[PDB]
Amino acid sequence: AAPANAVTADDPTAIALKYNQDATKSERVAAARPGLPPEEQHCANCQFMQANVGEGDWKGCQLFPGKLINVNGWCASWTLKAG
Ligand code: SF4
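Residues numbered from 1 in each chain as written, not as in the entry; some residues may be left out. Heavy atoms only, no water.

**Description of the side chain of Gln41**
Here is the rule we go by: Under the scheme used here, helices are H or I runs from DSSP no shorter than 4 residues and strands are E runs no shorter than 2 residues, and both carry numbers assigned from the N terminus. Exposure classes here rest on a 1.4 Å probe applied to the protein chains alone. A residue is buried below 20% of its type maximum, exposed above 50%, and partly exposed in between. Identification of polar contacts relies on pairs of N or O atoms within 3.5 Å, with a donor-acceptor requirement for protein atoms, meaning one able to donate a hydrogen and the other able to accept it, and with residues adjacent in sequence counted only if both atoms are side-chain atoms. The contact definition used throughout considers only heavy atoms, calling two residues in contact when any of these lie within 4.5 Å.
Secondary-structure assignment places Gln41 in the loop between α2 (28-31) and β1 (49-55). For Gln41, a relative accessible area of 0% puts it in the buried group. A distance of 3.0 Å separates a polar atom in the side chain of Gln41 from a polar atom in the side chain of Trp74. Residues contacting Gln41, with those up to four places away along its chain left out, are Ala23, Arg28, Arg33, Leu36, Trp74 and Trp78.

Encoded structure:
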């Protein structure tokens with residue numbers, strides 16, 4: 001079950017970025033964002049994932065202030081976690 005502050009499918013920014021909390025139900029292949037082959041991309045390996053926000057599988061994303069994403073999710077702003 002998602003936390004009360006999870007990013008939802010109805011969030012305008014989530015719609016614009018094609019977020020899904022389950023990357024296997026995402027359009028990561030179509031987007032072909034650079035840095036890793038698309039099938040390998042999810043929030044856990046994204047630069048915008050905030051490891052010190054949230055709990056368990058529900059973590060922060062810098063792009064979604066006040067909310068939580070799932071580490072197994074994806075959106076079109078996916079960017080390799082480089083530091
Ligand atoms: S920017 Fe990165 S951490 Fe945030 S929802 Fe998109 S893929 Fe997940």
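**Some remarks on the site of the ligand**
For the record, the criterion: The nearness test applies per residue and asks whether one of its heavy atoms lies within 4 Å of the molecule or strand. Three classes are used, and their members are as follows: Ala, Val, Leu, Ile, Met, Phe, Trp, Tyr, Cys and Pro are nonpolar, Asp, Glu, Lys and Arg are charged, and the others, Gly among them, are polar.
Neighbouring the ligand are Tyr19, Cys43, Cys46, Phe48, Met49, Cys61, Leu63, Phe64, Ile69, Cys75 and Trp78. Of the residues contributing to the shell around the ligand, the split by class is 11 nonpolar, no polar and no charged.

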